[PDB]
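See below for the structure under consideration.
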Amino acid sequence: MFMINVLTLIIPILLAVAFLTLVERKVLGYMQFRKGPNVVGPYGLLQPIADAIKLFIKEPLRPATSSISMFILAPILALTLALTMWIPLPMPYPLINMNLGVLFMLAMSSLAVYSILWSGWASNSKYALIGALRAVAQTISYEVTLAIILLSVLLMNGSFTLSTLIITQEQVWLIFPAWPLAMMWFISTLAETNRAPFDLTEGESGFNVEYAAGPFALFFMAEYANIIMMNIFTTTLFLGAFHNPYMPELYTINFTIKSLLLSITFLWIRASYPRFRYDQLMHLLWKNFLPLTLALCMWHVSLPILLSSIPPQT
Amino acid sequence: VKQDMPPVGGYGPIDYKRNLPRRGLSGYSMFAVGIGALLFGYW
Amino acid sequence: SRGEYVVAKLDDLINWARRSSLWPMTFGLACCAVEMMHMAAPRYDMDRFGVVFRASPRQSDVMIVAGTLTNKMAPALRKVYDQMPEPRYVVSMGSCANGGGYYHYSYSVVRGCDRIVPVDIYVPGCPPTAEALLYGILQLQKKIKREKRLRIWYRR
Amino acid sequence: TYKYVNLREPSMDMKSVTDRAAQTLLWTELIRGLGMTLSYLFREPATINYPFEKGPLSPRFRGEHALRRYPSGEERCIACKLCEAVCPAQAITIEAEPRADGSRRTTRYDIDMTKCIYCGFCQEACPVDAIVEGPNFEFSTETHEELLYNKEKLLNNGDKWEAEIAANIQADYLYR
Amino acid sequence: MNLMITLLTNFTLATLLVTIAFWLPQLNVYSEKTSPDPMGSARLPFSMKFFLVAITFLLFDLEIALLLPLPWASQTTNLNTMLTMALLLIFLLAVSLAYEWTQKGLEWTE
Ligand SMILES: CCCCCCCCCCCCCCCCCC(=O)OC[C@H](COP(=O)([O-])OCC[N+](C)(C)C)OC(=O)CCCCCCCCCCCCCCCCC
Ligand SMILES: CCCCCCCCCCCCCCCCCC(=O)OC[C@H](COP(=O)(O)OCCN)OC(=O)CCCCCCCCCCCCCCCCC
Ligand SMILES: CCCCCCCCCCCCCCCCCC(=O)OC[C@H](COP(=O)(O)OCCN)OC(=O)CCCCCCCCCCCCCCCCC
Ligand SMILES: CCCCCCCCCCC1=C(C)C(=O)C(OC)=C(OC)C1=O
Ligand code: SF4
Ligand code: SF4
Ligand code: SF4
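Chains as they are written, first to last, in the working numbering: chain U, 1 to 314; chain F, 315 to 357; chain W, 358 to 513; chain D, 514 to 689; chain A, 690 to 799.
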């Protein structure tokens with residue numbers, strides 16, 4: 001019965017990642033004054049199915065890897081960590097209702113850089129390894145502002161419990177007291193997922209260009225699971241919805257609409273901006289977001305004390 | 315003779331300059347709105 | 358028999374999925390690149406057919422040779438074609454890719470890209486229009502639709 | 514008679530400095546760009562439904578070649594080799610002889626469509642409107658030599674497309 | 690226990706999809722490929738700057754590790770000391786950032 005709950009979590013994750021690709025191609029079509037896919041299915045609804053069947057019977061590139069074992073373990077780790085970030089998500093009830101769900105998510109997203117690192121070293125190209133090291137350095141850079149923005153917000157929560165974050169936002173959204181944290185958080189989640197304007201794995205060859213089309217589709221679907229997940233986590237964190245404990249589907253519809261609009265905001269940002277040069281997003285992290293994030297971390301430490309609004313522990 | 319020609323008075327005027335219409339609030343008003351949202355959230 | 362029916366339905370499935378998700382690697386060699394970009398432009402929009410805009414060469418399904426293949430770039434074309442995973446296809450766009458074209462008698466031009474790679478669709482024009490190139494891509498999809506891989510495998 | 518792009522010295526009073534700082538911190542031009550992209554989201558796209566909807570053309574359009582005939586069945590080509598003399602890519606190969614009734618007619622009229630640059634110098638060199646570059650652009654092949662047209666293929670293209678070619682020439686011959 | 694079941698299910702689904710993605714086109718008998726990089730054969734040049742940003746991540750991440758018990762630390766009854774040491778740790782992270790700044794450590798990956 002619990003395994004039914006695990007499958008009703010993880011199989012709709014795979015379906016929503018399948019159709020996020022279609023939604024991205026359609027929304028980027030209409031924002032680029034064209035259509036998206038509308039031939040393959042009715043309104044293109046069979047485009048992800050056709051494309052998945054195409055990729056799973058495409059020939060393997062059959063490369064020379066330094067490690068066979070890390071070449072197998074990098075997609076396994078990417079998919080496993082992409083699926084374990086969902087299990088504490090309170091929507092309105094988490095699958096695993098853990099007391100440190102925020103810190104668990106922060107740790108399991110910190111572990112996601114080994115997929116990039118192991119897949120880069122598993123490729124024998126030195127250029128793929130250099131691009132992998134640039135992607136890892138970008139990601140661990142933006143993890144700093146993830147951790148500190150998240151800490152500064154949870155100073156208003158009182159605990160690392162994700163389910164308490166619904167109770168925190170019953171009177172107001174937490175984007176009202178923490179909109180600078182919210183906007184730096186949103187750009188930091190944009191830079192965690194190698195998402196445009198921070199997609200330097202498509203700027204002129206990434207880390208996973210040496211895989212077959214099947215494992216490349218697995219990396220791709222882990223990345224889009226991370227995108228949908230970080231939008232849901234941002235929605236829980238700043239745009240927390242109303243919850244009737246006798247009608248949980250009201251909260252589910254509300255956070256689902258907000259998370260869809262936030263994922264479409266990711267799609268709409270990649271359809272609007274040029275890329276950063278690599279040192280420019282290093283400049284954006286280390287010289288712009290991190291001083292503001294430390295200043296607001298001091299502010300959200302000292303502000304519940306000066307207003308007498310320290311939240312409860314329990 | 316019949317030939318592709320402009321009409322009797324010629325064509326009407328054609329816009330060719332920049333038109334970036336200067337929308338949005340001032341900097342004072344935008345910082346005031348953001349600080350007011352901060353104060354509402356803190357309260 | 359029953360196995361004949363199963364390989365017929367499975368060939369129909371895999372051919373549907375391969376033709377309905379063609380990913381092109383376009384060689385922007387010469388003027389035909391501009392008309393490929395018009396076949397990607399919002400009037401014609403290859404992406405509504407599932408034909409994405411600028412897939413990377415290690416994951417592409419068709420190689421659209423759009424422009425003049427000179428002798429100095431013939432091994433680069435061959436190397437990219439060798440790096441493409443199967444089933445790979447090659448569309449020859451325009452007269453210089455087809456038969457050398459206006460530079461057929463040149464000292465420096467490969468007389469048609471078919472001397473270097475096997476070619477599936479020859480799209481004629483100088484340049485062929487973006488509608489004519491889209492016609493050639495739909496004819497390539499019809500060529501993939503009538504492939505008989507599992508049926509010939511079941512008969513071999 | 515000239516203008517200076519990007520020669521504005523920005524105002525340094527507290528109003529304009531606070532405006533630029535609000536633009537930097539509150540990302541006003543980024544929301545402007547998002548608004549323009551959102552404005553295209555709700556426009557009707559420009560995508561026609563090929564193959565069912567076709568791109569607009571004109572009677573001057575230079576597509577697939579055709580040999581034409583008179584309104585009696587006699588072919589117009591009288592073997593004068595002006596089209597292959599003017600041909601900038603030498604796509605046209607012509608051999609001729611007098612046929613059984615003594616008319617000056619071709620026995621070889623080849624057009625290599627993979628040398629052809631589709632510029633239509635042949636149809637304007639032609640003094641009898643025999644060769645035309647017709648309206649067809651959807652004639653892609655699966656084989657290279659299916660684009661090496663002989664006289665039979667060009668005459669069949671003329672018989673196939675004459676009802677359209679003659680009306681395009683009727684639309685355009687007064688400009689010629 | 691439910692967490693171990695969930696981790697095992699996620700790992701098993703990931704390993705299953707990886708095995709399917711690595712062995713479903715192996716059933717095809719496509720062809721044997723011979724196929725005889727921007728760098729030609731040159732050794733990987735070390736860059737000091739990537740190592741500096743990785744160590745700067747590690748040091749600020751240790752400072753983050755110190756900062757992580759603050760939502761529980763605000764519940765204390767020694768609030769003046771807690772607030773002083775909290776502002777002092779964020780200030781030392783800021784001073785580490787300023788020293789990394791002003792000695793050109795944040796340059797060409799700024
Ligand atoms: C979570 C829900 C959504 C959240 C909001 C996000 C939605 C909108 C997203 C739009 C698309 C963004 C795409 C990526 C853009 C990346 C570039 C970018 O913006 O860089 C950030 C830029 C970077 O600066 P820059 O690069 O533009 O400027 C040049 C920088 N120097 C000078 C160093 C060369 O700005 C920031 O870092 C600002 C971050 C937020 C700051 C918030 C400040 C709040 C107010 C503080 C007080 C001010 C008043 C004075 C004191 C008053 C005291 C009472
Ligand atoms: C949480 C919900 C998630 C939902 C996800 C999916 C959303 C979209 C679902 C699909 C919508 C309808 C798509 C219909 C496609 C067209 C099918 C069709 O008609 O194919 C015709 C083809 C040839 O037929 P033929 O007889 O030759 O035609 C000549 C007629 N004179 O015949 C064939 O090709 C053979 C028949 C193929 C039929 C395929 C139909 C679509 C399959 C979709 C599978 C997944 C559906 C969702 C599963 C979960 C919910 C139940
Ligand atoms: C190359 C190898 C393969 C790589 C791919 C697979 C591995 C990577 C992806 C999976 C990562 C596994 C993470 C396991 C622990 C996660 C942390 C954790 O347990 O947090 C949840 C929770 C803490 O919150 P709390 O509510 O306080 O505890 C319950 C008290 N009421 O604590 C609990 O609820 C406690 C539950 C019981 C304890 C669970 C212990 C799990 C088994 C040990 C680790 C197994 C994995 C080892 C390898 C990890 C990665 C290297
Ligand atoms: C368990 C398998 C589920 C289906 C596989 C993932 C969903 C299909 C995504 C297909 C896809 C699309 C549309 C796509 O556009 C794309 O290119 C950017 C991919 O990466 C190679 C893709 O993988
Ligand atoms: S076939 Fe002609 S128009 Fe096309 S790329 Fe070649 S030279 Fe340019
Ligand atoms: S269109 Fe030009 S290149 Fe083609 S056959 Fe006529 S004259 Fe020769
Ligand atoms: S097609 Fe015209 S120009 Fe060419 S040989 Fe015949 S009559 Fe002369």
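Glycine included, each C-beta is placed from N, C-alpha and C at the ideal position.
Three-state secondary structure (DSSP) of residue i
{"i": "U:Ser163", "result": "coil"}
{"i": "U:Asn244", "result": "strand"}
{"i": "U:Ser263", "result": "helix"}
{"i": "D:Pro569", "result": "coil"}
{"i": "U:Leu77", "result": "helix"}
{"i": "W:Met382", "result": "strand"}
{"i": "F:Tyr342", "result": "helix"}
{"i": "D:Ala609", "result": "strand"}
{"i": "U:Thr252", "result": "helix"}
Euclidean distance between Cα positions of residue i and residue j
{"i": "W:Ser377", "j": "W:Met420", "result": "16 Å"}
{"i": "U:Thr168", "j": "U:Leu15", "result": "31 Å"}
{"i": "residue 733 of chain D", "j": "W:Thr383", "result": "There is simply no residue 733 of chain D to check, as chain D begins at 514 and stops at 689 in what is shown."}
{"i": "W:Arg435", "j": "U:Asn124", "result": "22 Å"}
{"i": "A:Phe740", "j": "U:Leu281", "result": "17 Å"}
{"i": "A:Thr765", "j": "F:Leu353", "result": "26 Å"}
{"i": "U:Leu162", "j": "U:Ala225", "result": "19 Å"}
{"i": "A:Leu777", "j": "U:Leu303", "result": "15 Å"}
{"i": "A:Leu713", "j": "U:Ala213", "result": "11 Å"}
{"i": "U:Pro37", "j": "U:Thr265", "result": "20 Å"}
{"i": "A:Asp726", "j": "U:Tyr127", "result": "7 Å"}
{"i": "U:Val17", "j": "U:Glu24", "result": "11 Å"}
{"i": "U:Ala122", "j": "A:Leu692", "result": "31 Å"}
{"i": "residue 590 of chain W", "j": "U:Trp268", "result": "This structure does not reach residue 590 of chain W, given that chain W is present from 358 up to 513, and the question cannot be answered."}
{"i": "A:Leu702", "j": "U:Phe19", "result": "19 Å"}
Among the options, nearest to residue i - alpha-carbon criterion
{"i": "U:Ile175", "options": "U:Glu192, U:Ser188, U:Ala82 and U:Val153", "result": "U:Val153"}
{"i": "U:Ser110", "options": "U:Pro90, U:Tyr142, U:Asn124 and U:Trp118", "result": "U:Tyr142"}
{"i": "U:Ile228", "options": "U:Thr21, U:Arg62 and U:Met3", "result": "U:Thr21"}
{"i": "U:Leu150", "options": "A:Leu756, A:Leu702 and A:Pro714", "result": "A:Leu756"}
{"i": "U:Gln313", "options": "A:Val718, A:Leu782, A:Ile694 and A:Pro760", "result": "A:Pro760"}
{"i": "W:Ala390", "options": "W:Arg508, W:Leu507, W:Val474 and W:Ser449", "result": "W:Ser449"}
{"i": "U:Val301", "options": "U:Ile76, U:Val136 and U:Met156", "result": "U:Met156"}
{"i": "D:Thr656", "options": "W:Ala398, W:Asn455, W:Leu495 and W:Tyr464", "result": "W:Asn455"}
{"i": "D:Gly615", "options": "D:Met525, D:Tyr622, D:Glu677 and D:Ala592", "result": "D:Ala592"}
{"i": "F:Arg332", "options": "D:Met525, D:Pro640, D:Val518 and D:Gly633", "result": "D:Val518"}
{"i": "D:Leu595", "options": "D:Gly633, D:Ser571 and D:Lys567", "result": "D:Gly633"}
Contact list for residue i against chain B, beta-carbon separation under 9 Å
{"i": "W:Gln416", "result": "Protein chains U, F, W, D and A are contained in the structure displayed, whereas chain B is not."}
Exposed unless 16 or more other CB atoms sit within 10 angstroms - verdict on residue i
{"i": "U:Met85", "result": "buried"}
{"i": "D:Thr619", "result": "buried"}
{"i": "A:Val718", "result": "exposed"}
{"i": "F:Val315", "result": "exposed"}
{"i": "A:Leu782", "result": "buried"}
{"i": "D:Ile678", "result": "buried"}
{"i": "F:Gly323", "result": "exposed"}
Within the chosen definition, does the stretch 476-491 of chain W reach the stretch 621-631 of chain D through at least 3 CB pairs nearer than 8 Å? yes
May I ask you to verify whether the stretch 551-564 of chain D touches the stretch 604-616 of chain D, counting CB pairs closer than 8 Å and requiring at least 3? no
Within the chosen definition, does the stretch 187-197 of chain U reach the stretch 46-62 of chain U through at least 3 CB pairs nearer than 8 Å? With the cut-off at 8 Å, the stretch 187-197 of chain U and the stretch 46-62 of chain U do not touch.
Do the stretch 180-189 of chain U and the stretch 282-301 of chain U meet, that is, are 3 or more Cβ pairs less than 8 Å apart? With the cut-off at 8 Å, the stretch 180-189 of chain U and the stretch 282-301 of chain U touch.
Three or more C-beta pairs closer than 8 Å, one from the stretch 24-43 of chain U and one from the stretch 679-686 of chain D: is that the case here? no
Report yes or no: do the stretch 211-221 of chain U and the stretch 67-78 of chain U share at least 3 C-beta pairs separated by less than 8 Å? yes
Please confirm if the stretch 363-372 of chain W is in contact with the stretch 500-511 of chain W, defined as three or more CB-CB distances below 8 Å between the two stretches. The stretch 363-372 of chain W vs the stretch 500-511 of chain W: in contact.
Check whether the stretch 645-663 of chain D touches the stretch 484-492 of chain W, counting contact only when three or more Cβ pairs, one atom from each stretch, lie closer than 8 Å. The stretch 645-663 of chain D vs the stretch 484-492 of chain W: in contact.
Pair every Cβ in the stretch 342-349 of chain F with every Cβ in the stretch 535-550 of chain D, then say whether three or more of these pairs are closer than 8 Å. yes
Determine, using beta-carbon pairs with one atom in the stretch 564-583 of chain D and one in the stretch 667-680 of chain D, whether at least three such pairs fall under 8 Å. yes
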